[PDB]
2 protein chains.
Amino acid sequence: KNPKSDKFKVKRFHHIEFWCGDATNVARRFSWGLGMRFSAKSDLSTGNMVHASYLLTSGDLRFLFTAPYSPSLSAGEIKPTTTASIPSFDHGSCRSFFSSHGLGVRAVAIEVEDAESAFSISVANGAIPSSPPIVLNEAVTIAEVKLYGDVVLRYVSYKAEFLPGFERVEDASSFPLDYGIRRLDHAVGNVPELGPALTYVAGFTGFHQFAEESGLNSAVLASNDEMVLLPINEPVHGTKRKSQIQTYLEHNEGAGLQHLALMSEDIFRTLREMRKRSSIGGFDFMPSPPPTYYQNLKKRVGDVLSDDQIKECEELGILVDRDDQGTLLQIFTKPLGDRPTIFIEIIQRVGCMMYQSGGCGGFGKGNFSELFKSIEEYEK
Amino acid sequence: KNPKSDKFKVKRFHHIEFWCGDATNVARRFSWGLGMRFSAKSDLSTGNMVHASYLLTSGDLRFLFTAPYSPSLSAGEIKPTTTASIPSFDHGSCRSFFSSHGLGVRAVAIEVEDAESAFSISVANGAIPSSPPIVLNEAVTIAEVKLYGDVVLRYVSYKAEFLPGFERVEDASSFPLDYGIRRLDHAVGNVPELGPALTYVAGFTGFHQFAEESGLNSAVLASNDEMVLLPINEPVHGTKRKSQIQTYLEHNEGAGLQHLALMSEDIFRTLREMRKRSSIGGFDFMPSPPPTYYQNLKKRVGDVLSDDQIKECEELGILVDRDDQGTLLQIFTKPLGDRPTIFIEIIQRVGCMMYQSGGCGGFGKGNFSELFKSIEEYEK
Ligand SMILES: Cc1c(C(=O)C2=C(O)CCCC2=O)ccc2c1C(=O)N(Cc1ccc(C(F)(F)F)cc1)CC(=O)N2C
Ligand SMILES: Cc1c(C(=O)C2=C(O)CCCC2=O)ccc2c1C(=O)N(Cc1ccc(C(F)(F)F)cc1)CC(=O)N2C
Ligand SMILES: [Co+2]
Ligand SMILES: [Co+2]
C-alpha cells in the first residue's frame, strides 16, 4: 500500500555530495573507476576562494566532490560577501566531518518543487535544520536538514549549469567516459537504532514505508511515486558472525551513509568495464559467490534469465534476487576509501513495466540467505 | 667543486611519504596516472589500527601514502604497544598537517648507513629533532629531523618488505603498470627565506652547494656523490608577474615541498603514457611552449637531439636545457591536488658518463629565459 503522504512535492534524486580531504584526487579516481565524466567545477579558477568542488555525471547520476581550501584565502569574507558557490559550506564543519568519519557522503540531495517550502514544512514537522533556504542568483534554491549522523538531506529547486557559480568543464579535461550508469536508485543509512531514525525521517517528509538472522534489520522510506528510496539499517547484536552494520558504526564514528546504489542500463557492460579497471585505479568488488550460487539461479530465475545470461552473471560475480513484482541484478564494491564504511552497489531491475516503477524487485534481502546457503552447499 | 663534507654516510633517496585524508583514493589515482604498481601495505588487514599506508613503486621510486584512522580504534594503545608500522606517526600531527597544507609530502626519506648515528650527528649539528631513532623488528632503524616547514628528512637504515609490519601486496591487486619512471632525481622545497634554510640544512647534513628576474632565487644542496639533491627556492617579490613561489607559500600556509622530479629511462614513453591518461584519472601537464621554442631547440641542442627527437619533444611538450656537462629533458605537471602547491617534474638526463653523475645538465633554470623569449617571439 502507498498512501502518497509526502508533505511536499518531491521529484527525483538530484546529486550526492562527498566531503573530501582532497577533492581532485577523489574525483579523478571515481571518474575512472565508475565511468563518470567531469561536467562542472567551482574552485579557484572560477573565483571560489572557499572550497573546491568538482561534479562528475553519468546519465542523470551526479556525484559532487568538495574539499576546503585554507581558511586564510577567504578570511576577509563574510556570508553576505562569500565566494563559496555552496552557501551551506563551512570549513570547520567539513574538516570535523572528515576527521570524524573519513571520506563519505555529506549530502543526499533531492530535487523538489520549492526548496524553501520543503524546508519550512520539514522543520515544522520535526526536521532538525542544518542550513536555511538560500536563493542562488535568483535561479536555484538550496536548503538542508539533518538526515542521520552528520548526513544532511539537501533540497534543491529550480525556477526554470548544476548550480550558479559552477562552470561547465573545458572539453579537453571532459573525457566522455561512460560504463552505463544512469541514475541513483537508492541511498542507504546505517544507524544504531532503526525505530527512532525511521520515525524522524518519515515524520518530517511524509515518506511512507516501502513494501518488503545475519547482521541487520532494515526498512525503506519512499516518496509518493517511490522514485526517491531511502533504506535505513540497524545492527542485530550478539550474532554468530559480527554485524557489518556494527562494524560500520565503529569505523565511521557513528551513523552515516552506508551505500549508494547506482542503476545501470546494462549491468553486464558496467561490470565488465569496472572490473577491467579494478587494479588500475578503479574499484574492487566483494568476493564472488561460489558456483553453487549460480547453479541455484536456474531454479530461482530461469524464467527471467537465459542460461547464457546466467553464465554472464557468473563471469561477473553478479547477484540476483526476485520480488513478486520483478527481478534485481546487483553487485557490491569493496569500501570506496580507507575505512570499511561506505561502498557502492551497481543494480539493474527487470519487470514492473507500466516506465518502470521504483524499487522493482526489492533490495536483495533474499541474497543474505541465498549466499549463506550457496557457500554451505559449496563446502559440500 | 665538491668538498665531500657529508657528516654521515648517505646512500640514496629511499621513499617519499604523502600525508593524505584518504590514502586509498590518492594512491589509486597516483598509481594510474604515473604507472606505479601497488607493492606493499600496512592497514587494518595487516593489524594496523592506527594508520593506513600504501606503497607504490616504479623501479627504485617509492611513493608512500598514509592517512589516519579514527583514533578510537587505537585508543587503548600506548607507544610501547602500538600497532602502527611507522612509529613516528601521530593522528593529531597528520590531521593538523593536512588541514594546514592540504595533500602533500610529509617525509623525504633517504637511506643512510646508520639512522641512529645520522640522527645523533644531525641534531648535534643543529637539526631540530622530529622523531627519535626507533628500531623496527631488529631490522630497520628510522629517525626524523625537521627539513623545512612541516616536512621532515627521514633517515632509514637496514641491517641487511619496505618496512617491518608492511605486507607484500596480493598479485591480483598488484597490476604491473610501468610508464618508465625509475627513481627520484631531486626534491625541492619552497621557503620564505633561502639563506636561513640553506644554512640550517647544510649545517646539520654537511651537504654542499651543487654547482649551477622571474620568480625565485634557488640553490641546491648535494650529498657526497651528488645523488641526493635537495634544491630550495625563495620568492623574489615585487616582480612583473607574481612569483609562483609566493603563490605556493600563500596556498600552502608556508614552507613545504614544491616538486618531486622523477627520472625516466625513456621520457618519450613516460609522457606518451601519462598524457593518454590525463583526462581519464591521471595527471595534467602545464601548457606547452609555443612552436618557436622548438624551432629554437635546433640551435641549442641540435648536436644532442636529432630533428626527429626534437619533433618528438614538440609533440609531447617536453622542455630542454643544457649544462656545460650535459643536457636535461624535463616537463611539469599541473598541481597534484586541489591547491596550487605541489607538482611533479618528469626528467631524463643525457651526458656525464663515467654510470651517470648526479644532476647532469642542471635543473632547467635556463628554461625560464628560454620560455619567456620563445613566447615573445611567438607573439611575433
Ligand atoms: C548492503 C547489502 C544489500 C542492500 O543493498 C540493502 C538495501 O539496499 C536495503 C535493505 C538492506 C540492505 O542490506 C543487499 C544484499 C547484501 C548487502 C551486503 O552488504 N552484503 C555485505 C557487504 C559487507 C561489507 C561491504 C564493504 F566491505 F564494502 F563495506 C560491502 C557489502 C553482503 C551480502 O552478502 N548481500 C547479499
Ligand atoms: C620548478 C621549475 C624548475 C625546477 O625544476 C627547479 C629546480 O629543480 C631547482 C632550481 C629551481 C627550479 O625552479 C625548472 C624550470 C621551470 C619550473 C617551473 O616551475 N615553472 C613554473 C610552474 C608554475 C606552477 C606549477 C603548478 F601549477 F603546478 F604549481 C608548475 C610549474 C615554470 C617554467 O616555465 N620552468 C621553465
Ligand atoms: Co542496496
Ligand atoms: Co626540478
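When a ligand or atom number is given, it counts from 1 through the structure's own listing order. Residue numbers begin at 1 in each chain, while the letters A, B, ... track the order of the sequences.
- Heavy atoms of B:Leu336 come nearer than 4.0 angstrom to ligand 2 in no pair at all.
- Residue contacts with ligand 1, taken as heavy atom pairs separated by less than 4.0 Å, do not involve A:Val220 at all.
- For atom 7 (C) of ligand 1, the choice among A:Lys365, A:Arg339, A:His259 with the nearest heavy atom turns out to be A:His259.
- Look at B:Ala261 and you'll find every heavy atom at least 4.0 Å from all atoms of ligand 2.
- The residue among B:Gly364, B:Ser214, B:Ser218 with a heavy atom at the shortest distance from atom 15 (C) of ligand 2 is B:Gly364.
- For a threshold of 3.5 Å applied to N or O pairs, the pair formed by B:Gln244 and ligand 2 contains no separation below that value.
- Below 4.0 Å from some heavy atom of B:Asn233 lie the following atoms of ligand 2, by number and element: 11 (C).
- Set against the non-hydrogen atoms of B:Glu345, the atoms of ligand 2 under 4.0 Å away are 5 (O).
- Within the 3.5 Å criterion, the main-chain N or O of B:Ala261 finds no donor-acceptor partner in the side chain of B:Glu345.
- When NE2 of B:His186 and OE1 of B:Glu345 are joined through the Co ion (ligand 4), the resulting angle is 100° to the nearest 10°.
- Under the 4.0 angstrom criterion for non-hydrogen atoms, B:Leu216 is in contact with ligand 2.
- Every atom of ligand 1 is numbered from 1 in the order shown, and the set under 4.0 Å from a heavy atom of A:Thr333 is 28 (F), 30 (C).
- For A:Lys242 and A:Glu250, the salt-bridge test passes: some basic side-chain N is under 4.0 Å from an acidic carboxylate O.
- Applying the salt bridge (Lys or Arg N to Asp or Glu O under 4.0 Å) test between A:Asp321 and each of A:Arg300, A:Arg349, A:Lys365 identifies A:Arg300 as the sole match.
- B:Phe283 and B:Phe343 have their aromatic ring centers separated by at least 6.0 angstrom.
- Residue B:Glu370 places no heavy atom under 4.0 Å from ligand 2.
- Not less than 6.0 angstrom separates the ring centroid of B:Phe285 from the ring centroid of B:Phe332.
- Those atoms of ligand 2 that come under 4.0 Å of a heavy atom in B:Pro335, given as number and element, are 26 (C), 27 (F), 28 (F), 29 (F).
- Checking B:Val220, B:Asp323, B:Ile347 one by one against B:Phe363, the side chain to side chain contact (heavy atoms under 4.5 Å, CB included) holds for a single residue, B:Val220.
- Residue contacts with ligand 2 for B:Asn367 involve both N, CA, C or O and side-chain atoms from C-beta outward (heavy atoms, distance under 4.0 Å).
- The B:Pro231 neighbourhood of ligand 2 comprises atoms 9 (C), with distances under 4.0 Å to a heavy atom of that residue.
- Polar contact with ligand 2: present for B:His186 (N/O pair, distance under 3.5 Å).
- Using a 4.0 Å cut-off between a side-chain N of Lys or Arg and a carboxylate O of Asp or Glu, A:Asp43 and B:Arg339 do not qualify as a salt bridge.
- The A:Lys334 neighbourhood of ligand 1 comprises atoms 28 (F), with distances under 4.0 Å to a heavy atom of that residue.
- Considering B:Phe285, B:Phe343, B:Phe332 only, the shortest heavy-atom separation from atom 29 (F) of ligand 2 involves B:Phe343.
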